[PDB]
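*Asks:* So I've got this file, entry.pdb, and it contains PDB, C-alpha atoms and all ligand atoms:
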ATOM      1  CA  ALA A   1     -14.384 -26.464   0.078
ATOM      2  CA  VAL A   2     -12.562 -23.890  -2.074
ATOM      3  CA  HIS A   3     -11.857 -24.306  -5.788
ATOM      4  CA  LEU A   4     -10.009 -21.471  -7.504
ATOM      5  CA  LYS A   5     -10.910 -23.207 -10.735
ATOM      6  CA  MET A   6     -14.563 -22.240 -10.112
ATOM      7  CA  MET A   7     -13.831 -18.658  -9.212
ATOM      8  CA  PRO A   8     -13.958 -16.603 -12.467
ATOM      9  CA  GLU A   9     -11.888 -13.848 -10.801
ATOM     10  CA  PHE A  10      -9.007 -16.305 -10.529
ATOM     11  CA  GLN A  11      -9.110 -17.232 -14.204
ATOM     12  CA  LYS A  12      -8.034 -13.737 -15.310
ATOM     13  CA  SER A  13      -4.642 -13.901 -17.034
ATOM     14  CA  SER A  14      -3.068 -11.420 -14.601
ATOM     15  CA  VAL A  15      -3.619 -13.920 -11.731
ATOM     16  CA  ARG A  16      -0.318 -15.822 -11.014
ATOM     17  CA  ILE A  17      -0.180 -18.490  -8.331
ATOM     18  CA  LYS A  18       2.696 -20.858  -7.541
ATOM     19  CA  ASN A  19       0.835 -23.041  -5.082
ATOM     20  CA  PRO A  20      -2.946 -23.144  -5.795
ATOM     21  CA  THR A  21      -3.575 -26.065  -3.393
ATOM     22  CA  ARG A  22      -1.879 -24.147  -0.584
ATOM     23  CA  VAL A  23      -3.873 -20.961  -1.526
ATOM     24  CA  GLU A  24      -7.128 -22.989  -1.462
ATOM     25  CA  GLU A  25      -6.315 -24.235   2.006
ATOM     26  CA  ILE A  26      -5.555 -20.687   3.289
ATOM     27  CA  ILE A  27      -8.810 -19.300   1.781
ATOM     28  CA  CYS A  28     -10.623 -22.290   3.264
ATOM     29  CA  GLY A  29      -9.353 -21.208   6.745
ATOM     30  CA  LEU A  30     -10.390 -17.600   6.068
ATOM     31  CA  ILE A  31     -13.945 -18.719   5.212
ATOM     32  CA  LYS A  32     -14.194 -20.900   8.350
ATOM     33  CA  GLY A  33     -13.154 -17.997  10.596
ATOM     34  CA  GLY A  34     -15.689 -15.662   8.973
ATOM     35  CA  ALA A  35     -15.885 -11.991   9.997
ATOM     36  CA  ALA A  36     -15.005 -12.513  13.648
ATOM     37  CA  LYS A  37     -11.471 -13.639  12.896
ATOM     38  CA  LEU A  38     -10.644 -11.406   9.908
ATOM     39  CA  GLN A  39      -8.444  -8.310   9.585
ATOM     40  CA  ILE A  40      -6.820  -6.613   6.613
ATOM     41  CA  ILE A  41      -3.321  -5.210   6.479
ATOM     42  CA  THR A  42      -2.569  -3.225   3.383
ATOM     43  CA  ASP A  43      -0.249  -0.883   1.662
ATOM     44  CA  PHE A  44      -1.752   2.115  -0.161
ATOM     45  CA  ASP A  45       0.231   3.461  -3.137
ATOM     46  CA  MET A  46      -0.078   1.184  -6.177
ATOM     47  CA  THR A  47      -1.915  -1.364  -4.001
ATOM     48  CA  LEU A  48      -5.246   0.401  -3.217
ATOM     49  CA  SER A  49      -4.519   3.047  -5.856
ATOM     50  CA  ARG A  50      -3.865   2.474  -9.586
ATOM     51  CA  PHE A  51      -0.336   2.218 -10.994
ATOM     52  CA  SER A  52      -1.565   3.605 -14.333
ATOM     53  CA  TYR A  53      -4.392   4.909 -16.521
ATOM     54  CA  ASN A  54      -4.095   5.323 -20.337
ATOM     55  CA  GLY A  55      -0.316   4.590 -20.280
ATOM     56  CA  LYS A  56       0.026   7.604 -18.058
ATOM     57  CA  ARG A  57       1.324   6.546 -14.705
ATOM     58  CA  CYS A  58      -1.028   7.599 -11.879
ATOM     59  CA  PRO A  59       0.342   9.569  -8.883
ATOM     60  CA  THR A  60       1.501   8.203  -5.541
ATOM     61  CA  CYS A  61       0.482  10.345  -2.513
ATOM     62  CA  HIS A  62       3.935  11.952  -2.687
ATOM     63  CA  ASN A  63       3.443  12.755  -6.480
ATOM     64  CA  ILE A  64       0.162  14.516  -5.738
ATOM     65  CA  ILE A  65       2.207  17.201  -3.910
ATOM     66  CA  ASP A  66       5.156  17.022  -6.361
ATOM     67  CA  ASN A  67       2.718  17.849  -9.156
ATOM     68  CA  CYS A  68       0.411  20.449  -7.541
ATOM     69  CA  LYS A  69       0.088  24.191  -8.279
ATOM     70  CA  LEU A  70       1.997  24.964  -5.039
ATOM     71  CA  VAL A  71       5.254  23.360  -6.288
ATOM     72  CA  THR A  72       7.631  25.080  -8.809
ATOM     73  CA  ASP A  73       9.037  23.476 -11.977
ATOM     74  CA  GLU A  74      12.523  23.843 -10.474
ATOM     75  CA  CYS A  75      11.441  21.953  -7.413
ATOM     76  CA  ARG A  76      10.118  19.103  -9.640
ATOM     77  CA  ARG A  77      13.440  19.121 -11.490
ATOM     78  CA  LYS A  78      15.272  18.457  -8.218
ATOM     79  CA  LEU A  79      12.703  15.832  -7.181
ATOM     80  CA  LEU A  80      13.179  14.076 -10.482
ATOM     81  CA  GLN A  81      16.994  14.079 -10.032
ATOM     82  CA  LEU A  82      16.620  12.661  -6.482
ATOM     83  CA  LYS A  83      14.331   9.897  -7.866
ATOM     84  CA  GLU A  84      16.768   9.011 -10.677
ATOM     85  CA  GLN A  85      19.766   8.579  -8.365
ATOM     86  CA  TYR A  86      17.973   6.938  -5.428
ATOM     87  CA  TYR A  87      15.617   4.689  -7.374
ATOM     88  CA  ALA A  88      18.645   3.132  -9.109
ATOM     89  CA  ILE A  89      19.773   2.166  -5.590
ATOM     90  CA  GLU A  90      16.284   0.880  -4.630
ATOM     91  CA  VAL A  91      16.302  -1.594  -7.526
ATOM     92  CA  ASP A  92      20.022  -2.352  -7.429
ATOM     93  CA  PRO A  93      20.265  -6.138  -7.700
ATOM     94  CA  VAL A  94      23.659  -6.318  -5.982
ATOM     95  CA  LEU A  95      23.116  -4.309  -2.750
ATOM     96  CA  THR A  96      21.469  -6.211   0.130
ATOM     97  CA  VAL A  97      18.111  -4.852   1.346
ATOM     98  CA  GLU A  98      19.818  -3.805   4.614
ATOM     99  CA  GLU A  99      22.510  -1.830   2.713
ATOM    100  CA  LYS A 100      19.671   0.084   0.978
ATOM    101  CA  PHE A 101      18.228   1.368   4.288
ATOM    102  CA  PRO A 102      20.437   4.469   4.703
ATOM    103  CA  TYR A 103      19.928   5.433   1.042
ATOM    104  CA  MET A 104      16.099   5.193   1.447
ATOM    105  CA  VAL A 105      16.248   7.351   4.589
ATOM    106  CA  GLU A 106      18.217   9.998   2.581
ATOM    107  CA  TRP A 107      15.828   9.925  -0.374
ATOM    108  CA  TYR A 108      12.672  10.340   1.699
ATOM    109  CA  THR A 109      14.359  13.038   3.906
ATOM    110  CA  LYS A 110      15.710  15.013   0.945
ATOM    111  CA  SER A 111      12.393  14.871  -0.986
ATOM    112  CA  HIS A 112      10.300  15.721   2.098
ATOM    113  CA  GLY A 113      12.762  18.615   2.680
ATOM    114  CA  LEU A 114      12.137  19.999  -0.804
ATOM    115  CA  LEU A 115       8.380  19.885  -0.183
ATOM    116  CA  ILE A 116       8.826  21.640   3.176
ATOM    117  CA  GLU A 117      10.629  24.500   1.342
ATOM    118  CA  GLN A 118       7.651  24.897  -1.037
ATOM    119  CA  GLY A 119       5.251  25.989   1.776
ATOM    120  CA  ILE A 120       2.374  23.487   1.795
ATOM    121  CA  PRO A 121      -0.707  24.651   3.820
ATOM    122  CA  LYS A 122      -2.945  22.007   5.419
ATOM    123  CA  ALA A 123      -6.011  23.949   4.242
ATOM    124  CA  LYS A 124      -4.991  23.506   0.567
ATOM    125  CA  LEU A 125      -4.785  19.693   0.701
ATOM    126  CA  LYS A 126      -8.456  19.184  -0.128
ATOM    127  CA  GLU A 127      -8.164  21.261  -3.377
ATOM    128  CA  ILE A 128      -4.828  19.690  -4.261
ATOM    129  CA  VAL A 129      -6.259  16.142  -3.908
ATOM    130  CA  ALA A 130      -9.488  17.092  -5.792
ATOM    131  CA  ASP A 131      -7.400  18.529  -8.634
ATOM    132  CA  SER A 132      -5.005  15.590  -8.797
ATOM    133  CA  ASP A 133      -4.895  12.558 -11.086
ATOM    134  CA  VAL A 134      -5.212  10.019  -8.265
ATOM    135  CA  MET A 135      -7.170   6.845  -8.929
ATOM    136  CA  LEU A 136      -8.352   4.042  -6.701
ATOM    137  CA  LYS A 137      -8.351   0.515  -8.020
ATOM    138  CA  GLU A 138     -11.582  -0.696  -9.703
ATOM    139  CA  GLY A 139     -13.782  -2.334  -7.037
ATOM    140  CA  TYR A 140     -12.681  -0.099  -4.170
ATOM    141  CA  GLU A 141     -16.221   0.821  -3.129
ATOM    142  CA  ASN A 142     -17.224  -2.847  -2.733
ATOM    143  CA  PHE A 143     -13.838  -3.514  -1.015
ATOM    144  CA  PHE A 144     -14.130  -0.807   1.644
ATOM    145  CA  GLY A 145     -17.940  -1.215   1.732
ATOM    146  CA  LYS A 146     -18.128  -4.965   2.515
ATOM    147  CA  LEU A 147     -15.372  -4.492   5.095
ATOM    148  CA  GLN A 148     -17.070  -1.606   6.924
ATOM    149  CA  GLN A 149     -20.414  -3.431   6.724
ATOM    150  CA  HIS A 150     -18.944  -6.270   8.773
ATOM    151  CA  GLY A 151     -16.629  -4.107  10.950
ATOM    152  CA  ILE A 152     -13.451  -5.789   9.644
ATOM    153  CA  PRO A 153     -10.310  -3.945  10.840
ATOM    154  CA  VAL A 154      -8.236  -2.445   7.950
ATOM    155  CA  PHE A 155      -4.708  -1.290   8.743
ATOM    156  CA  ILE A 156      -3.405   0.850   5.887
ATOM    157  CA  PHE A 157       0.354   0.975   6.407
ATOM    158  CA  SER A 158       1.966   3.450   4.030
ATOM    159  CA  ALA A 159       5.393   4.828   3.227
ATOM    160  CA  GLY A 160       3.539   7.722   1.494
ATOM    161  CA  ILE A 161       2.156  10.951   3.037
ATOM    162  CA  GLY A 162      -0.583  10.260   5.566
ATOM    163  CA  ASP A 163      -2.461  13.564   5.156
ATOM    164  CA  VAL A 164      -2.688  13.109   1.365
ATOM    165  CA  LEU A 165      -3.755   9.437   1.659
ATOM    166  CA  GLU A 166      -6.484  10.238   4.184
ATOM    167  CA  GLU A 167      -7.773  13.048   1.933
ATOM    168  CA  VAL A 168      -7.935  10.693  -1.065
ATOM    169  CA  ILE A 169     -10.071   8.106   0.828
ATOM    170  CA  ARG A 170     -12.178  10.763   2.498
ATOM    171  CA  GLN A 171     -13.059  12.264  -0.908
ATOM    172  CA  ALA A 172     -13.714   8.757  -2.256
ATOM    173  CA  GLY A 173     -16.255   8.203   0.588
ATOM    174  CA  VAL A 174     -14.386   5.149   1.912
ATOM    175  CA  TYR A 175     -12.558   6.471   5.014
ATOM    176  CA  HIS A 176     -14.778   4.519   7.445
ATOM    177  CA  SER A 177     -14.292   3.891  11.146
ATOM    178  CA  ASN A 178     -12.828   0.404  10.600
ATOM    179  CA  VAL A 179      -9.938   1.991   8.600
ATOM    180  CA  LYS A 180      -6.744   2.897  10.581
ATOM    181  CA  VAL A 181      -3.998   4.762   8.736
ATOM    182  CA  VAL A 182      -0.314   4.529   9.758
ATOM    183  CA  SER A 183       1.841   6.665   7.516
ATOM    184  CA  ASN A 184       4.268   9.614   7.333
ATOM    185  CA  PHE A 185       2.168  12.484   8.692
ATOM    186  CA  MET A 186       2.881  16.161   8.133
ATOM    187  CA  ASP A 187       3.839  18.457  10.952
ATOM    188  CA  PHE A 188       2.269  21.885  10.708
ATOM    189  CA  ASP A 189       3.453  25.227  12.122
ATOM    190  CA  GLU A 190       1.385  27.864  13.956
ATOM    191  CA  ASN A 191      -0.009  28.997  10.542
ATOM    192  CA  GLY A 192      -1.020  25.483   9.434
ATOM    193  CA  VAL A 193       1.918  25.303   6.982
ATOM    194  CA  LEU A 194       4.000  22.100   6.645
ATOM    195  CA  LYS A 195       7.299  22.312   8.580
ATOM    196  CA  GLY A 196       8.395  18.644   8.802
ATOM    197  CA  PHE A 197       7.054  15.101   9.353
ATOM    198  CA  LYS A 198       5.848  13.370  12.557
ATOM    199  CA  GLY A 199       7.314  10.271  14.167
ATOM    200  CA  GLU A 200       9.830   7.852  12.806
ATOM    201  CA  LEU A 201      10.115   7.605   9.017
ATOM    202  CA  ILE A 202       8.242   4.764   7.252
ATOM    203  CA  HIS A 203       9.850   3.846   3.950
ATOM    204  CA  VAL A 204       9.719   0.849   1.586
ATOM    205  CA  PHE A 205      12.209  -1.338   3.490
ATOM    206  CA  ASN A 206      11.497  -0.789   7.212
ATOM    207  CA  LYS A 207       7.875  -1.763   7.646
ATOM    208  CA  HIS A 208       8.881  -4.420  10.183
ATOM    209  CA  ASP A 209       9.767  -1.585  12.574
ATOM    210  CA  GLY A 210       6.428   0.190  12.262
ATOM    211  CA  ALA A 211       4.474  -3.081  12.506
ATOM    212  CA  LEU A 212       6.128  -3.760  15.870
ATOM    213  CA  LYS A 213       5.566  -0.192  17.131
ATOM    214  CA  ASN A 214       1.764  -0.578  16.834
ATOM    215  CA  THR A 215       1.138  -3.115  19.626
ATOM    216  CA  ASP A 216      -1.766  -1.063  20.945
ATOM    217  CA  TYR A 217      -3.574  -1.701  17.607
ATOM    218  CA  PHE A 218      -2.763  -5.407  17.241
ATOM    219  CA  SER A 219      -3.216  -6.565  20.832
ATOM    220  CA  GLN A 220      -6.796  -5.183  20.765
ATOM    221  CA  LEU A 221      -7.267  -7.486  17.751
ATOM    222  CA  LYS A 222      -5.916 -10.682  19.314
ATOM    223  CA  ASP A 223      -8.951 -12.662  18.116
ATOM    224  CA  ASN A 224      -8.476 -11.526  14.511
ATOM    225  CA  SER A 225      -6.048 -14.328  13.735
ATOM    226  CA  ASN A 226      -6.983 -14.598  10.039
ATOM    227  CA  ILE A 227      -5.204 -11.960   7.925
ATOM    228  CA  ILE A 228      -5.329 -10.777   4.356
ATOM    229  CA  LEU A 229      -2.169  -8.870   3.435
ATOM    230  CA  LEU A 230      -1.963  -6.745   0.217
ATOM    231  CA  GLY A 231       1.269  -5.173  -1.027
ATOM    232  CA  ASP A 232       3.131  -4.141  -4.186
ATOM    233  CA  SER A 233       6.684  -4.511  -2.903
ATOM    234  CA  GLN A 234       8.845  -7.149  -1.257
ATOM    235  CA  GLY A 235       8.932  -4.747   1.771
ATOM    236  CA  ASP A 236       5.171  -5.012   2.291
ATOM    237  CA  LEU A 237       5.648  -8.669   3.253
ATOM    238  CA  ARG A 238       6.732  -7.448   6.712
ATOM    239  CA  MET A 239       3.564  -5.436   7.376
ATOM    240  CA  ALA A 240       2.116  -8.314   9.488
ATOM    241  CA  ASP A 241       5.115  -8.717  11.846
ATOM    242  CA  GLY A 242       3.235  -7.090  14.741
ATOM    243  CA  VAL A 243       0.265  -9.479  14.656
ATOM    244  CA  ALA A 244      -0.595 -11.040  18.011
ATOM    245  CA  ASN A 245      -1.503 -14.598  16.822
ATOM    246  CA  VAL A 246      -1.758 -15.880  13.219
ATOM    247  CA  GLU A 247      -4.027 -18.733  12.187
ATOM    248  CA  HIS A 248      -4.274 -18.044   8.429
ATOM    249  CA  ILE A 249      -2.515 -15.352   6.439
ATOM    250  CA  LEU A 250      -3.007 -14.786   2.731
ATOM    251  CA  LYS A 251      -0.515 -12.574   0.965
ATOM    252  CA  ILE A 252      -1.607 -10.898  -2.316
ATOM    253  CA  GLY A 253       0.988  -8.972  -4.301
ATOM    254  CA  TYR A 254       0.569  -6.437  -7.083
ATOM    255  CA  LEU A 255       3.390  -6.787  -9.566
ATOM    256  CA  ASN A 256       3.049  -3.451 -11.444
ATOM    257  CA  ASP A 257       6.412  -3.247 -13.157
ATOM    258  CA  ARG A 258       9.855  -4.844 -13.598
ATOM    259  CA  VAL A 259       7.657  -7.848 -14.340
ATOM    260  CA  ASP A 260      10.170 -10.203 -15.968
ATOM    261  CA  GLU A 261      12.871  -9.421 -13.375
ATOM    262  CA  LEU A 262      10.564  -9.813 -10.322
ATOM    263  CA  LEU A 263       7.871 -12.373 -11.221
ATOM    264  CA  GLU A 264       9.697 -15.440  -9.936
ATOM    265  CA  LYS A 265      10.581 -13.734  -6.646
ATOM    266  CA  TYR A 266       7.015 -12.421  -6.227
ATOM    267  CA  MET A 267       5.505 -15.865  -6.959
ATOM    268  CA  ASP A 268       7.800 -17.272  -4.342
ATOM    269  CA  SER A 269       6.971 -14.802  -1.594
ATOM    270  CA  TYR A 270       3.342 -13.778  -2.200
ATOM    271  CA  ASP A 271       0.650 -16.523  -2.328
ATOM    272  CA  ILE A 272      -1.203 -14.724  -5.154
ATOM    273  CA  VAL A 273       0.569 -12.345  -7.564
ATOM    274  CA  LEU A 274      -1.574  -9.893  -9.646
ATOM    275  CA  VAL A 275       0.391  -8.874 -12.755
ATOM    276  CA  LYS A 276      -0.341  -5.389 -14.134
ATOM    277  CA  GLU A 277      -3.785  -5.497 -12.492
ATOM    278  CA  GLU A 278      -5.834  -2.383 -11.694
ATOM    279  CA  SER A 279      -8.756  -3.954  -9.824
ATOM    280  CA  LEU A 280      -9.553  -5.430  -6.424
ATOM    281  CA  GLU A 281     -11.745  -8.231  -7.824
ATOM    282  CA  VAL A 282      -9.597 -11.168  -6.632
ATOM    283  CA  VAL A 283      -9.631  -9.871  -3.048
ATOM    284  CA  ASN A 284     -13.342  -8.875  -3.283
ATOM    285  CA  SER A 285     -14.068 -12.458  -4.499
ATOM    286  CA  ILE A 286     -12.348 -13.838  -1.385
ATOM    287  CA  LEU A 287     -14.288 -11.411   0.862
ATOM    288  CA  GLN A 288     -17.526 -12.498  -0.820
ATOM    289  CA  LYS A 289     -16.988 -16.134   0.253
ATOM    290  CA  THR A 290     -15.740 -15.110   3.735
ATOM    291  CA  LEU A 291     -18.067 -12.436   5.056
TER     292      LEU A 291
HETATM  293  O1  LIG A 301     -19.822 -16.440   8.078
HETATM  294  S1  LIG A 301     -21.281 -16.277   8.323
HETATM  295  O2  LIG A 301     -21.894 -17.606   8.565
HETATM  296  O3  LIG A 301     -21.489 -15.409   9.507
HETATM  297  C1  LIG A 301     -22.024 -15.547   7.031
HETATM  298  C2  LIG A 301     -22.026 -16.526   5.871
HETATM  299  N1  LIG A 301     -21.616 -15.839   4.650
HETATM  300  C3  LIG A 301     -22.871 -15.400   4.017
HETATM  301  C4  LIG A 301     -22.677 -15.108   2.539
HETATM  302  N2  LIG A 301     -22.176 -16.336   1.917
HETATM  303  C5  LIG A 301     -22.203 -16.149   0.461
HETATM  304  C6  LIG A 301     -22.100 -17.510  -0.212
HETATM  305  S2  LIG A 301     -20.970 -17.433  -1.424
HETATM  306  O4  LIG A 301     -21.663 -17.008  -2.655
HETATM  307  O5  LIG A 301     -19.927 -16.447  -1.071
HETATM  308  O6  LIG A 301     -20.327 -18.758  -1.585
HETATM  309  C7  LIG A 301     -20.803 -16.584   2.390
HETATM  310  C8  LIG A 301     -20.815 -16.822   3.891
HETATM  311 MG    MG A 302       2.933   0.876  -2.371
END
Using structure tokens, write down the structure from this file.
Ligand SMILES: O=S(=O)(O)CCN1CCN(CCS(=O)(=O)O)CC1
Ligand SMILES: [Mg+2]

*Replies:*
Amino acid sequence: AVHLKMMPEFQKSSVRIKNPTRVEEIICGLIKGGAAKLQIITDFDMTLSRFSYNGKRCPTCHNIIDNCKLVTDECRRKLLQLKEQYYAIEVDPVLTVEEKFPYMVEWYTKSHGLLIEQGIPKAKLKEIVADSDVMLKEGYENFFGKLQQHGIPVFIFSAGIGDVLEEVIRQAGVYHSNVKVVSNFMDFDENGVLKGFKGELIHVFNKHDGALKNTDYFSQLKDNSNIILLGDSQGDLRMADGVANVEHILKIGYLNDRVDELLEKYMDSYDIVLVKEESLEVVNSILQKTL
């Protein structure tokens, strides 16, 4: 039987849970299925990576490029201005999520377009990532390590920049075979210089679309009917829409900011909400019982 009361990781004050009995029953199902039924579906930015260090916000994959030696101060000025106008739409309490779709498409297209003008070479990405301020959440080596040890599928589904994300995990030593990355990947010209992005855009609000356009992945994993989902946004709740069959799904949400405004809604939609939390110890504690 599962008792969150007896799990020290769940006693941390950042752990917020509306329905602990329900959560205990989901984790109970996860444990019963063991490795053979488990898969992970996860966002990256601010979910696997830290939201902040020392009251200095940490970079998203996109910020890593925004901030690198290859990008001019004037470019960052424009990027900032984009962010200020479009982020106000993102968080607008009056617009429906569907109304925000076109605005999100513009923001990501305009900001990608400014990066494309700056001339980013594939060969520089290693240096850029090494020099950046990126940080993975505390407990990431045990997270990725237990999962790879047991061959648990991990589907990292990111509205960031795929090439940057992959380079971060590769340098961390955690880009193992069990880890599949679906993101916005760079398109490179004859000289290995960024010229655009591949595929259809993934942004914060359309992850349902991408989840459905990955049937190949999920149909191979028909038996993995127990899911752990990790996200930092309401949008990440859709990352599991492509899953073949679902027996148990546990949804863990990082609430990194706009805490007072969003806490109720997060507690309502995620099973476990982690408030201003920079570790993976709750999820690692669940893996520990399960694997
Ligand atoms: O599922 S299997 O039977 O194949 C493996 C069993 N697995 C072994 C490790 N224990 C740790 C006990 S606990 O400390 O996590 O409770 C959890 C379950
Ligand atoms: Mg994110």

*Asks:* Just checking: using all atoms listed in the file, which residue out of A:33, A:231, A:253, A:113 ends up closest to ligand MG 302 (chain A)?

*Replies:*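 Of A:33, A:231, A:253, A:113, the one nearest ligand MG 302 (chain A), counting all atoms listed in the file, is A:231.
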
*Asks:* Just want the 6 Å neighbourhood of range 216-224 of chain A, counted on all atoms listed in the file, with same-chain residues fewer than 4 positions away dropped. Output as a PyMOL selection string.

*Replies:* chain A and resi 37-39+243-244

*Asks:* Would you save the residues from that selection as a PDB file, in the coordinates of the input, using C-alpha atoms?

*Replies:*
ATOM      1  CA  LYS A  37     -11.471 -13.639  12.896  1.00  0.00           C
ATOM      2  CA  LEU A  38     -10.644 -11.406   9.908  1.00  0.00           C
ATOM      3  CA  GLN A  39      -8.444  -8.310   9.585  1.00  0.00           C
ATOM      4  CA  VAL A 243       0.265  -9.479  14.656  1.00  0.00           C
ATOM      5  CA  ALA A 244      -0.595 -11.040  18.011  1.00  0.00           C
TER       6      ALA A 244
END

*Asks:* Go through A:155, A:188, A:143, A:87 one by one, measure the shortest atom-to-atom distance of each to residue 174 in chain A using only C-alpha atoms, and give the residue with the smallest value.

*Replies:*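 Among the listed residues, the smallest separation from residue 174 in chain A belongs to A:143.
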
*Asks:* Within 9 Å of ligand LIG 301 (chain A), counting only C-alpha atoms and all ligand atoms: which residues, as a list in words?

*Replies:*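 Checked against 9 Å with only C-alpha atoms and all ligand atoms; the hits are residues 31, 32, 33, 34, 35, 36, 285, 286, 287, 288, 289, 290 and 291 of chain A.
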
*Asks:* Counting only C-alpha atoms and all ligand atoms, what are the residues, protein, DNA or RNA alike, that approach ligand MG 302 (chain A) to within 6 Å? I want them as a PyMOL selection string.

*Replies:* chain A and resi 43-47+232

*Asks:* For residue 277 in chain A, find every residue with an atom within 12 Å (counting all atoms listed in the file), except residues of its own chain fewer than 4 positions away, and show them as a PDB file with C-alpha atoms, in the coordinates of the input.

*Replies:*
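Output saved as around27.pdb:
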ATOM      1  CA  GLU A   9     -11.888 -13.848 -10.801  1.00  0.00           C
ATOM      2  CA  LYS A  12      -8.034 -13.737 -15.310  1.00  0.00           C
ATOM      3  CA  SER A  13      -4.642 -13.901 -17.034  1.00  0.00           C
ATOM      4  CA  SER A  14      -3.068 -11.420 -14.601  1.00  0.00           C
ATOM      5  CA  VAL A  15      -3.619 -13.920 -11.731  1.00  0.00           C
ATOM      6  CA  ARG A  16      -0.318 -15.822 -11.014  1.00  0.00           C
ATOM      7  CA  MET A  46      -0.078   1.184  -6.177  1.00  0.00           C
ATOM      8  CA  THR A  47      -1.915  -1.364  -4.001  1.00  0.00           C
ATOM      9  CA  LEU A  48      -5.246   0.401  -3.217  1.00  0.00           C
ATOM     10  CA  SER A  49      -4.519   3.047  -5.856  1.00  0.00           C
ATOM     11  CA  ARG A  50      -3.865   2.474  -9.586  1.00  0.00           C
ATOM     12  CA  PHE A  51      -0.336   2.218 -10.994  1.00  0.00           C
ATOM     13  CA  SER A  52      -1.565   3.605 -14.333  1.00  0.00           C
ATOM     14  CA  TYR A  53      -4.392   4.909 -16.521  1.00  0.00           C
ATOM     15  CA  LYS A 137      -8.351   0.515  -8.020  1.00  0.00           C
ATOM     16  CA  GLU A 138     -11.582  -0.696  -9.703  1.00  0.00           C
ATOM     17  CA  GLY A 139     -13.782  -2.334  -7.037  1.00  0.00           C
ATOM     18  CA  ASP A 232       3.131  -4.141  -4.186  1.00  0.00           C
ATOM     19  CA  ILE A 252      -1.607 -10.898  -2.316  1.00  0.00           C
ATOM     20  CA  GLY A 253       0.988  -8.972  -4.301  1.00  0.00           C
ATOM     21  CA  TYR A 254       0.569  -6.437  -7.083  1.00  0.00           C
ATOM     22  CA  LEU A 255       3.390  -6.787  -9.566  1.00  0.00           C
ATOM     23  CA  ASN A 256       3.049  -3.451 -11.444  1.00  0.00           C
ATOM     24  CA  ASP A 257       6.412  -3.247 -13.157  1.00  0.00           C
ATOM     25  CA  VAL A 259       7.657  -7.848 -14.340  1.00  0.00           C
ATOM     26  CA  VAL A 273       0.569 -12.345  -7.564  1.00  0.00           C
ATOM     27  CA  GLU A 281     -11.745  -8.231  -7.824  1.00  0.00           C
ATOM     28  CA  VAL A 282      -9.597 -11.168  -6.632  1.00  0.00           C
ATOM     29  CA  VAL A 283      -9.631  -9.871  -3.048  1.00  0.00           C
TER      30      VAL A 283
END

*Asks:* For the PyMOL selection byres (((chain A and resi 119-125) around 9) and not hetatm), applied here, can you spell out every residue it catches as a PyMOL selection string?

*Replies:* chain A and resi 65+70-71+115-118+126-130+163-164+167+186+188+191-195

*Asks:* For the residues in that selection, give me C-alpha atoms as an mmCIF file, in the coordinates of the input.

*Replies:*
data_model
loop_
_atom_site.group_PDB
_atom_site.id
_atom_site.type_symbol
_atom_site.label_atom_id
_atom_site.label_comp_id
_atom_site.auth_asym_id
_atom_site.auth_seq_id
_atom_site.Cartn_x
_atom_site.Cartn_y
_atom_site.Cartn_z
ATOM 1 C CA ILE A 65 2.207 17.201 -3.910
ATOM 2 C CA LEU A 70 1.997 24.964 -5.039
ATOM 3 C CA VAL A 71 5.254 23.360 -6.288
ATOM 4 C CA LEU A 115 8.380 19.885 -0.183
ATOM 5 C CA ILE A 116 8.826 21.640 3.176
ATOM 6 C CA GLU A 117 10.629 24.500 1.342
ATOM 7 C CA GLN A 118 7.651 24.897 -1.037
ATOM 8 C CA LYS A 126 -8.456 19.184 -0.128
ATOM 9 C CA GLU A 127 -8.164 21.261 -3.377
ATOM 10 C CA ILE A 128 -4.828 19.690 -4.261
ATOM 11 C CA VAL A 129 -6.259 16.142 -3.908
ATOM 12 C CA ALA A 130 -9.488 17.092 -5.792
ATOM 13 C CA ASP A 163 -2.461 13.564 5.156
ATOM 14 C CA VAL A 164 -2.688 13.109 1.365
ATOM 15 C CA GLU A 167 -7.773 13.048 1.933
ATOM 16 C CA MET A 186 2.881 16.161 8.133
ATOM 17 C CA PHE A 188 2.269 21.885 10.708
ATOM 18 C CA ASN A 191 -0.009 28.997 10.542
ATOM 19 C CA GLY A 192 -1.020 25.483 9.434
ATOM 20 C CA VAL A 193 1.918 25.303 6.982
ATOM 21 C CA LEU A 194 4.000 22.100 6.645
ATOM 22 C CA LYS A 195 7.299 22.312 8.580
#

*Asks:* To verify the selection step, state as a ChimeraX atom specification which residues the PyMOL selection byres (((chain A and resi 246) around 8) and not hetatm) yields on this input.

*Replies:* /A:225-227,243-245,247-249

*Asks:* To one decimal place in Å, what is the distance between CA of residue 264 in chain A and CA of residue 5 in chain A?

*Replies:*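 Value for the CA of residue 264 in chain A-CA of residue 5 in chain A distance: 22.0 Å.
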
*Asks:* For the atom pair CA of residue 69 in chain A and CA of residue 165 in chain A, what is the interatomic distance in Å to one decimal place?

*Replies:*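 Pair CA of residue 69 in chain A / CA of residue 165 in chain A returns 18.2 Å.
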
*Asks:* Would you be able to write out as a VMD selection string which residues have an atom within 7 Å of (5.7, 13.5, 2.1) in the file's coordinates, counting all atoms listed in the file?

*Replies:* chain A and resid 62 112 160 to 161 184

*Asks:* What does the distance between CA of residue 280 in chain A and CA of residue 142 in chain A come to in Å, to one decimal place?

*Replies:* 8.9 Å

*Asks:* Using all atoms listed in the file, find the one residue out of A:20, A:102, A:145, A:235 that sits nearest to residue 158 in chain A.

*Replies:*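 Distance minimum relative to residue 158 in chain A lands on A:235.
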
*Asks:* Do you know which residues lie at most 12 Å from (17.7, 8.1, -5.6), with coordinates as in the file and all atoms listed in the file counted, and could you write them as a list in words?

*Replies:* residues 78, 79, 80, 81, 82, 83, 84, 85, 86, 87, 88, 89, 90, 91, 92, 100, 101, 102, 103, 104, 105, 106, 107, 108, 109, 110 and 111 of chain A
